[PDB]
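Participant:
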Amino acid sequence: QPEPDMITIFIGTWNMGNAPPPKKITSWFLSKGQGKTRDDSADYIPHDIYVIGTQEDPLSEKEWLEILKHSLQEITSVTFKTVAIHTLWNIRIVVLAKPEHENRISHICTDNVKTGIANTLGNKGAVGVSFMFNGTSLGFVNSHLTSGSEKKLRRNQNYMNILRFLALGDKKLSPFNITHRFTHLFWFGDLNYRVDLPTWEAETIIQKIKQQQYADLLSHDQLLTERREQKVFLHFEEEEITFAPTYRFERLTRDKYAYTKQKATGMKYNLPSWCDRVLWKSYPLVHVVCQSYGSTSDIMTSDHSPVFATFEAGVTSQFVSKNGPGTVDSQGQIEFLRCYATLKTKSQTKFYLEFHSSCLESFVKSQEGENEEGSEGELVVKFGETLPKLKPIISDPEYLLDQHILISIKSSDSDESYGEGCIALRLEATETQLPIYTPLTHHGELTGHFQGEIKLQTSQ
Ligand SMILES: CN(CCO)S(=O)(=O)c1ccc(N)cc1
Numbered sequence: 397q398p399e400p401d402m403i404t405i406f407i408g409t410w411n412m413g414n415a416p417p418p419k420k421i422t423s424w425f426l427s428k429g430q431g432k433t434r435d436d437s438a439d440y441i442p443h444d445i446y447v448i449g450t451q452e453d454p455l456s457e458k459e460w461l462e463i464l465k466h467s468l469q470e471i472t473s474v475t476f477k478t479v480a481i482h483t484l485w486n487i488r489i490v491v492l493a494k495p496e497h498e499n500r501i502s503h504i505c506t507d508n509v510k511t512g513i514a515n516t517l518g519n520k521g522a523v524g525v526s527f528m529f530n531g532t533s534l535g536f537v538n539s540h541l542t543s544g545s546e547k548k549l550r551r552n553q554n555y556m557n558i559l560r561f562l563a564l565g566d567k568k569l570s571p572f573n574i575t576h577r578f579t580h581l582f583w584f585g586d587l588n589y590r591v592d593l594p595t596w597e598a599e600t601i602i603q604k605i606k607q608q609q610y611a612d613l614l615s616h617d618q619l620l621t622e623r624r625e626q627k628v629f630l631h632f633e634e635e636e637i638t639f640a641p642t643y644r645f646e647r648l649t650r651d652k653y654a655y656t657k658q659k660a661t662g663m664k665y666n667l668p669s670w671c672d673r674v675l676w677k678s679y680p681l682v683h684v685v686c687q688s689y690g691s692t693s694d695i696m697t698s699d700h701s702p703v704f705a706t707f708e709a710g711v712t713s714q715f716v717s718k719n720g721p722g723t724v725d726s727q728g729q730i731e732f733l734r735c736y737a738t739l740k741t742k743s744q745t746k747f748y749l750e751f752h753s754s755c756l757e758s759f760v761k762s763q764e765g766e767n768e769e770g771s772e773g774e775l776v777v778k779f780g781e782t783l784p785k786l787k788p789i790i791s792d793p794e795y796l797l798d799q800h801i802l803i804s805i806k807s808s809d810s811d812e813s814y815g816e817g818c819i820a821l822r823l824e825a826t827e828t829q830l831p832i833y834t835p836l837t838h839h840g841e842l843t844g845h846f847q848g849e850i851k852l853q854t855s856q
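The sequence shown: position 323 = 719 (the deposited numbering), numbered continuously.
1) Just to check, is the beta-carbon of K428 closer than 7 angstroms to a non-hydrogen atom of ligand 1?
2) Relative to ligand 1, is the shortest distance from any of its heavy atoms to the C-beta of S688 smaller than 7 angstroms?
3) Looking at C-alpha atoms only, which residue of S698, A660, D436 is the closest neighbour of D672?
4) Closer than 7 angstroms: is that where the CB of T422 sits relative to any heavy atom of ligand 1?
5) Round the Cβ separation of residue 375 and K677 to the nearest angstrom and send it over; I've been treating them as touching at under 8 angstroms.
6) Determine the direct distance from the alpha carbon of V684 to that of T834, and round the result to whole angstroms.
7) Have a look at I558 and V509 and give me their C-alpha separation to the nearest angstrom.
8) With DSSP collapsed to three states, give me the class of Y679.
9) Can you tell me where the beta strand (DSSP E) with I803 in it begins and where it stops?
10) Given a threshold of 16 other Cβ atoms within 10 Å of its Cβ, counted over all protein chains shown, does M402 qualify as buried or as exposed?
11) Return the first residue and the last residue of the beta strand (DSSP E) that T478 is part of.
12) If we ignore side chains and look at the alpha-carbon of each, how far apart do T854 and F715 end up?
13) With respect to the beta strand (DSSP E) encompassing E768, which residues constitute its N-terminal and C-terminal limits?
14) Which residues share a DSSP beta bridge with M528?
15) Would you say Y653 and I602 are within 8 angstroms of each other, going by their C-beta atoms?
16) Let me know if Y440 comes out buried or exposed under the rule of 16 or more other beta-carbons within 10 Å of its beta-carbon.
17) Any idea what DSSP makes of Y795, helix, strand or coil?
18) Please find out if some non-hydrogen atom of ligand 1 comes closer than 7 angstroms to the beta-carbon of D439.
19) Which same chain residues end up closer than 6 angstroms to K458 when comparing Cβ atoms and leaving out the 5 residues on each side of it in sequence?
20) Is the beta carbon of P668 closer than 8 angstroms to that of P702?
21) If distances are taken between C-alpha atoms only, which option among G544, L614, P571 comes closest to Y655?
22) Pull up the distance between the alpha-carbon of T738 and that of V777, whole angstroms please.
23) Give me, in chain order, the residues of the same chain whose beta-carbon lies closer than 7 angstroms to that of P400; leave out the 5 immediate sequence neighbours on both sides.
24) With contact counted as at least three CB pairs below 8 angstroms, one residue from each stretch, are the segment 770-789 and the segment 549-565 in contact?
25) Hey, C505 and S526 are a contact pair by Cβ (cut 8 angstroms); roughly how many whole angstroms apart?
26) Whose C-beta lies closer than 7 angstroms to the C-beta of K494 among residues of the same chain, with five residues either side of it excluded?
27) Report yes if the CB atom of residue 864 is closer than 8 angstroms to the CB atom of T782, and no otherwise.
28) Thinking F536 and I489 are a contact (beta carbons under 8 angstroms), I'd like their distance in whole angstroms, please.
29) Tell me whether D809 counts as near ligand 1, meaning its Cβ is closer than 7 angstroms to at least one heavy atom of that ligand.
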């Protein structure tokens with residue numbers, strides 16, 4: 397029974413509007429409706445992993461699990477195993493996997509973050525799940541961010557609090573937030589970003605949706621514009637949106653957008669918007685292909701339509717050699733030449749690097765770099781040829797070229813990370829000096845760059 401080198405992952409997000417679902421929701425799991433939809437010829441082919449994010453979910457965990465499992469069983473004739481379920485208030489995440497994956501899945505973690513203070517603490521935040529699938533780390537975040545067209549900045553703040561404080565993945569990766577802990581990170585939910593057009597244009601927007609002409613609406617989508625200006629979701633991907641706005645519908649039809657201000661909305665307009673989104677971030681040069689991104693047309697219990705996305709994701713096997721794990725493989729080494737960090741910091745402390753990777757027995761601390769002044773004001777931390785020689789646990793190129801090195805640049809004075817990034821070992825050549833590069837972030841904001849050259853020795 398060979399170990400897979402690819403799996404498919406289903407991501408669903410649905411704001412249920414506090415209403416029970418209808419008797420049939422199979423169209424969601426089948427990626428049928430509007431947008432980038434899944435071919436009919438695939439309908440009986442189960443995805444390997446289904447990750448379901450709900451918001452405003454009125455069901456017990458038990459009630460929702462029964463509906464999900466019975467749905468998937470009707471589609472696939474497979475009884476899925478529950479990997480994890482975690483609920484914060486009415487925000488929920490369920491992970492289901494094919495039974496053949498039960499002994500490939502380990503290190504299951506769940507967590508939640510509550511966003512806001514006093515007034516704004518009590519219903520918004522995020523839930524998450526992480527686990528290992530053989531040699532590949534997978535993270536999943538379902539967030540319900542702040543509502544309202546005039547609160548995009550609050551949403552961006554909610555995003556930063558979630559990525560700082562959601563405690564998933566390998567706790568030994570202490571300098572790294574969730575945006576660096578996983579081979580593949582999926583972040584989805586009711587992100588609540590709106591189409592920022594004047595209220596007086598509501599009927600014009602509706603007209604445009606009826607014509608399936610989304611271009612002039614997407615150009616005002618706050619998530620796209622905030623992402624363009626690097627205000628949120630830096631270094632994440634999203635598939636092109638080719639489905640109608642998923643909010644705000646009249647219930648029991650999809651024929652009408654309910655946008656006008658009402659006591660029930662706090663006298664706020666809800667212009668048709670793409671509130672319900674799926675984004676991802678994978679390590680550099682790992683296979684990840686979005687194969688569907690759309691909304692259902694036939695599930696109408698909520699004022700939101702369900703959104704689906706599916707992905708092909710590269711995975712690796714749990715590698716064992718005669719040597720590692722449990723020792724080094726002297727035939728393997730990673731060297732760094734001519735490396736330097738460029739930091740935006742106004743501070744003058746010494747800096748050192750930490751190299752973290754599952755290809756190492758434990759993380760490696762460098763010597764302090766040499767600070768110089770850049771031409772345009774910047775701090776440049778020079779490591780020259782001073783960086784240590786990293787000793788991987790396994791030298792087989794079929795293993796080592798699939799690995800990644802996480803880098804943190806830390807203050808000597810405070811031992812606090814000023815920036816985090818990631819370098820792929822999927823090189824064009826071994827035993828050859830080759831350029832490397834990663835942006836550096838801290839709390840998911842750009843703080844600098846790390847660049848230099850790498851020389852990788854494998855057993856071949
Ligand atoms: C129309 N629907 C069935 C009855 O509602 S469906 O769930 O949207 C659907 C199912 C399978 C395919 N191939 C296409 C659409």
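For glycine and all other residues, C-beta sits at the position ideal for the given N, C-alpha and C.
Facilitator: According to the structure shown:
1) yes
2) no
3) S698
4) yes
5) Coverage of the chain is limited to positions 397 through 856, which leaves residue 375 absent and any answer about it impossible.
6) 19 angstroms
7) 6 angstroms
8) coil
9) 800-807
10) exposed
11) 477-484
12) 15 angstroms
13) 766-769
14) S502, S533
15) yes
16) exposed
17) helix
18) yes
19) none
20) no
21) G544
22) 6 angstroms
23) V711
24) no
25) 5 angstroms
26) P442, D444, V474, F476
27) No answer is possible for residue 864: it lies beyond the span of the chain, which begins at 397 and ends at 856.
28) 6 angstroms
29) no
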